[PDB]
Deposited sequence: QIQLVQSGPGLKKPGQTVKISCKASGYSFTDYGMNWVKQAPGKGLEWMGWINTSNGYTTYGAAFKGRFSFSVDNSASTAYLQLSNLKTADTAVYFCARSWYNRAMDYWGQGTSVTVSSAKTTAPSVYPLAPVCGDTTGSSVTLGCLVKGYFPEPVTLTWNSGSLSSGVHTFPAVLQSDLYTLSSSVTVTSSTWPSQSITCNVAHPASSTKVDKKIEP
């Protein structure tokens, strides 16, 4: 099992610095270069550069010359991308991927979302949505007024994962709102309870909401 696992999402203000990490395992670290790919929202993949794991020499693409630094920690078997004097333009998901050379970027990290904003971080309001008649009913969950991404939302803590549609969050007036539906058969509700779990790491919130008739 070869894997590269990346640091979690970060929110920063214009002017500050982030530093993302990437832990490689399942293979001998210093035998492969490490690449960094940028993906701005709704753009395609951008190659930033690579770092040579056997000598620590970085190599930057014309566009990433100045505020970007790749660095290594061979014993930790991990690489880092440091971004300095952040601009709104640095808002993106950032990948680390392994190998410049034979099978270029043959394994990727899971990606790391960086939001460059001034918006204040706020918790979400989690509203349960109950019906106002087939053999199946649909319940919903409205998750309003939070910033930044991500919120994550499950049903009965994961147990109810089929019948679900979680809709991509939409930002407005510096606040995201999201929602999610579950449809189940009528035999199963209200007979058994269905409950909406909402985590919002950025504000350290965990709210549950039982859907009431």
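Residues of the deposited sequence lacking C-alpha coordinates, counted from 1, fall in a single stretch, 133-136.
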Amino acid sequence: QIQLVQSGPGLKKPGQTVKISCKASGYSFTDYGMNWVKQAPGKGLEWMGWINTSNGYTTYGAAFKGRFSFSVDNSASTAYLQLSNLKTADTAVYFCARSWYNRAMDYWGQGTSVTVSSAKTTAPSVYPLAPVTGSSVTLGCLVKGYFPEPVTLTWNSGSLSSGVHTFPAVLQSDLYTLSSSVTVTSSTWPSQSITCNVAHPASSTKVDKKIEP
From here on, numbers count along this sequence of modelled residues.
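Here 87-95 and 135-143 are compared by their mean Cα B-factor, and 135-143 comes out higher.
Higher mean CA B-factor, judged across 183-191 and 61-69 from the recorded values: 183-191. Looking at 48, 151, 171, 34, the one whose CA carries the top B-factor in the deposited record is 171.
Sort the modelled residues of the chain by CA B factor and residue 19 lands in the lowest third.
For residue 56, the recorded CA B-factor ranks within the lowest third of the chain. Only modelled residues enter the ranking. In this PDB entry, the Cα temperature factor of residue 166 sits in the middle third of its chain's modelled residues. Split the chain's modelled residues into thirds by C-alpha temperature factor. Residue 112 is in the lowest one.
When all modelled residues of the chain are sorted by CA temperature factor, residue 39 is found within the lowest third.
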